[PDB]
Each structure stands twice: as C-alpha cells, then as structure tokens.
Amino acid sequence: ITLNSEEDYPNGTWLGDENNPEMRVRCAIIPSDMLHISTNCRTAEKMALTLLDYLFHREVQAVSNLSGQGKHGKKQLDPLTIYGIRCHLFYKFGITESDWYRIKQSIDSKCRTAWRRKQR
Amino acid sequence: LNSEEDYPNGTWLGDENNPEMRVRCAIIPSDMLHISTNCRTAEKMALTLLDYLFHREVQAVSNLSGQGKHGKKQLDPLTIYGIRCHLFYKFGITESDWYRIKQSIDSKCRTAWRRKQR
Amino acid sequence: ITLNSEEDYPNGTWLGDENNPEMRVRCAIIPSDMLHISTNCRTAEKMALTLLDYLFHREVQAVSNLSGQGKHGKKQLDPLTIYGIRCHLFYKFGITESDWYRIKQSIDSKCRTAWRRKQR
Amino acid sequence: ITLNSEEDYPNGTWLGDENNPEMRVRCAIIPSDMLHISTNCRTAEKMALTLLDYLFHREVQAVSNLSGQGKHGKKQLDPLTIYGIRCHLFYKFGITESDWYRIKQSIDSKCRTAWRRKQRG
DNA sequence: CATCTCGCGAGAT
DNA sequence: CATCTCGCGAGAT
C-alpha cells in the first residue's frame with residue numbers, strides 16, 4: 001500500500017502528525033469535523049470508533065471487516081485509511097501493540113453490529 | 001481556527017493571548033460586555049452565548065452532535081469550540097462541568113424544536 | 001470596551017442607572033435635550049431610535065451599522081454608545097433579550113434609511 | 001428502616017464505615033461474597049452494579065428505580081440499602097457526590113434493562 | 001449478555 | 001416564559 005499527499009483531499013485533514021510523511025495519511029474529514037472529533041474523544045478507544053463512523057459509511061461497515069474474510073462475504077475495510085487511524089491514535093494517544101489489538105477487536109465488533117442491523 | 005479578519009469588528013471567545021483557545025465571533029462588543037456583566041455563572045453564559053451565536057431556527061433543527069432520531073443538523077463545531085474556550089477562560093470550568101453544560105445546550109435546542117412544532 | 005466617567009462629558013448626561021458604574025455610560029446629550037426625550041418617547045423602540053439621532057449624525061448613520069460588516073463599507077456604530085443605549089432602555093423600560101433583538105434590527109434598519117438617501 | 005443494627009443480619013456484613021454508625025448499614029451479604037466483591041471489583045462503578053446484584057433480586061430490579069417516580073408504576077429500591085451502597089463506595093473509594101450522581105444513573109439504567117428482559121421473556 | 005452512554009420528551013424549578 | 005433535570009428506550013462499547 002502507498003501513502004498519499006495533500007492534493008488527495010485538499011479540503012481535508014491529516015491523520016497522524018503532518019510532520020512525518022512516513023506516518024501520515026490524508027483523509028476527507030474537513031477540519032471542523034476533526035475539531036469536533038478531537039474535542040469529544042478522550043481515549044484512543046472512542047476516537048477509533050468515531051473516526052470510523054466518519055470514514056466508513058455504515059452501509060460499508062455492515063459488509064466489511066478488517067481482514068476481508070469471514071462468513072457472508074465480508075469485504076476489507078480500506079487499508080490506507082486503517083493505516084491512517086493507527087497513525088492518528090499513535091500520534092494523539094501513543095498506543096501500544098497491546099492497545100492496537102483491542103482497538104482492532106472493537107473495530108470488527110462495530111462492523112459486526114452494522115451487519116447485525118442490515119439483518120433485522 | 002479562524003482569524004480576527006473573519007469578524008473585523010466582532011469579538012473573541014476564549015483567550016485572545018492563546019491562538020489555540022480563541023475563536024473570533026460575530027458578537028458585537030456592546031453585547032459581549034453585557035454578556036460579561038450580567039451572566040455571573042458558566043451555565044447562564046453558555047445558554048445566552050448560544051442565543052447570540054445561533055438563530056432559534058438553527059437551534060430547532062440542531063443538536064450538539066448531528067446524530068439523533070430526528071435527522072438533525074449539527075451546531076457549528078467551530079462556534080461550540082469557542083463557547084467552550086470562553087467558559088474555560090473566564091470561569092475555569094472542568095470537563096465534568098463542560099459535560100453537564102453541554103446537556104443543557106441540547107436541552108435548549110430541544111425545547112426550541114418543541115416550539116417550532118407549535 | 002471600557003466604561004467612561006462623568007469627566008468625559010461634564011455638561012452631558014448619564015445613560016442608564018447612575019448608581020452602579022457597571023451599567024452607566026456618560027453621553028454628550030445636554031439635560032434639556034434629555035428632558036425632551038424622556039417626556040416624548042413612551043416605548044423603548046421609539047426611545048432607542050430617538051437616542052440614536054441624538055448620538056450619531058446622519059452622516060455617520062448612513063455609513064455605519066452595528067456589525068461594521070456588510071456591503072459598501074459599513075463602519076461600526078460606536079460600541080460604548082450602543083452599550084449606553086441598551087443600558088438606558090433596560091433602566092427605563094426593563095427590556096428583555098427578545099426586545100433587544102428587534103431594537104437592534106430597528107437601529108440597523110434606520111441606518112439603512114440614512115444610507116439609501118445619501119445616494120438617492 | 002432507620003440505620004439498622006447488627007442483629008438485623010447477625011451473620012451478614014457491613015456496608016460503609018463500621019466505626020461510624022451513621023455511615024454504615026448492615027446487610028445480608030455473606031462474608032465470602034463481600035471478600036469477593038472487595039477483591040474483584042476495582043472501581044466504584046463496578047462495585048455499585050455488583051453490589052446491586054447481591055442486595056436486590058432481578059425481579060425486584062425489574063419493577064424498581066431509585067426514586068419510585070416513573071411513567072410506569074414503579075417501586076422504589078429500599079432507600080436504606082441504597083444508602084449503604086453509597087456509604088460503601090465512599091468508604092472504599094472516596095467518591096464525589098458528583099460521582100455518586102453518575103453512578104446512580106448507572107443503577108437506574110441497569111434496573112431499566114432488567115425491565116426490558118422481563119417483557120422479553 | 002453486562003455495562004456505558006446517548007438522544008429524547010416533558011415534569012420540575 | 002427560560003432553564004433545570006428527570007425517567008426513558010436503545011444504540012455504542
């Protein structure tokens with residue numbers, strides 16, 4: 001996978017630290033949405049699920065998960081943006097490998113519920 | 001975050017001597033001094049700052065998040081950031097306080113929604 | 001903005017209640033002019049616009065509005081004076097927040113009349 | 001009741017400050033159970049919901065809330081017991097009245113889900 | 001499932 | 001009225 005550049009969402013925001021091209025991804029979140037996100041998410045857990053709601057439509061979340069495998073045709077949550085969220089969580093919160101694993105189980109859990117309600 | 005030129009003759013929410021905790025706003029200085037004089041608590045200043053910053057028609061269709069059963073719009077996050085910056089810089093409120101103040105703001109918009117349905 | 005003191009208009013008058021310094025502005029209106037105003041304006045609406053004609057020249061009213069923003073180079077009507085006008089209407093009439101809103105539209109509407117005719 | 005006596009549950013346990021007769025309530029939690037609570041509940045928020053389950057059966061929780069006032073004809077969780085929970089969480093975590101307030105919505109929300117299962121089974 | 005926390009209408013100050 | 005704060009159902013974690 002390849003990183004991107006500002007020209008990919010000129011009206012967007014950087015996930016990660018803008019200073020480190022090795023660990024930064026541009027995304028479509030406009031700055032005011034990010035102001036709100038960075039204001040109301042006091043843990044890496046809650047900002048990871050919130051960034052997700054802001055980057056993956058729940059139509060997509062219902063048919064997707066991290067690995068793109070599993071029953072019922074699970075597609076794969078776009079990897080450039082998943083790299084973005086990890087870049088951001090480590091930038092803002094300094095998460096560990098232990099942490100990222102839990103955040104990955106909750107990302108998948110959230111997509112599981114999005115699928116759960118296209119069922120009902 | 002905005003610059004002063006966004007409202008040449010407006011006012012600053014928050015600390016003017018902190019470019020990260022200040023939001024230029026359209027409140028005229030006349031009115032701001034009145035807000036600083038006759039709003040002696042964070043809770044009242046929040047609800048009256050709200051009315052100087054958002055028409056009651058925006059308030060009716062809006063809540064703090066944009067989520068909700070009602071297809072609601074979201075109160076401009078730059079302005080809400082300034083409300084918050086200002087309440088910190090004058091009353092020095094905690095985030096617990098800020099949390100409970102924030103429920104009052106949803107509550108106000110929610111009664112605005114009620115009136116708009118009458 | 002900063003309140004003034006009596007020494008700013010010794011032959012002037014006080015807008016507001018003279019007893020708390022935090023809600024009184026000294027203005028240049030002579031007391032005789034003030035006697036005519038209080039006897040002749042039986043509403044805050046009417047007194048605000050009459051007060052305005054006594055503190056802002058029509059020259060100035062035509063160029064200005066309350067925001068100092070808008071089209072055609074609006075200048076901001078002096079805030080200390082505006083603070084005084086509202087200090088006065090709450091002293092004499094007890095106006096509410098809703099009331100102050102319409103009166104601000106009146107003041108601005110009246111500034112529009114002064115500008116429309118400056119170039120008729 | 002009024003701040004009960006230890007004879008009310010001779011072989012039970014104390015909620016709160018044992019050497020403070022106004023901030024202690026005697027309850028029927030057996031001592032092995034209380035030890036388990038003291039060991040495995042590491043926060044006031046979990047201790048409250050866990051204590052709830054040891055002092056009120058599910059069927060009581062279903063038709064109860066903290067105040068007794070509700071759109072439904074609810075009953076009130078025995079205020080003496082709720083006092084003890086409160087005394088306890090403060091005795092062993094030094095919780096704020098702000099905390100107690102938020103913890104008390106958690107209690108009310110738990111009984112609310114107990115209501116939900118009773119009508120789903 | 002247990003628990004947290006939300007948006008909500010409407011009763012209380 | 002304007003504002004506080006409640007009980008609630010249910011989504012989020």
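Below, all heavy atoms of this structure are taken into account, side chains as well, without hydrogens, waters or symmetry copies. Letters A, B, ... are given to chains in the order of the sequence lines, protein chains preceding strands, and every chain is numbered from 1.
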Position toward the 5' end of DNA chain E (nearest nucleotide), D/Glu45 or B/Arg110: D/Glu45

Earlier contact from the 5' end, DNA chain E, for B/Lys69 and D/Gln69: B/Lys69

Side-chain heavy atoms of B/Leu78 within contact of A/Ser32, under 4.5 Å: no

Sub-4.5 Å side-chain heavy-atom contact between B/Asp31 and C/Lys104: yes

Base, sugar-phosphate alone, or nothing: which one does [X] contact when heavy atoms must sit under 4.0 Å apart?
| X | answer |
| --- | --- |
| A/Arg58 | sugar-phosphate |
| B/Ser65 | sugar-phosphate |
| D/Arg117 | sugar-phosphate |

Salt-bridge present (D/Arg86, D/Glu97; N to O < 4.0 Å): yes

Under-4.0 Å salt bridge between A/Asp17 and A/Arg24: no

Residue whose closest nucleotide on DNA chain F lies nearer the 5' end, B/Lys108 versus D/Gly70: B/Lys108

Nearest-nucleotide 5' precedence on DNA chain F, B/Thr48 against A/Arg120: B/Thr48

C/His88 and C/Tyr91 aromatic ring geometry - parallel, tilted or perpendicular at 30°/60° bounds: perpendicular

Ring geometry between B/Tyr52 and B/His34 (parallel below 30°, tilted from 30 to 60°, perpendicular above 60°): tilted

Span of DNA chain F in contact with chain D (heavy atoms, under 4.0 Å): F/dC6 to F/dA10

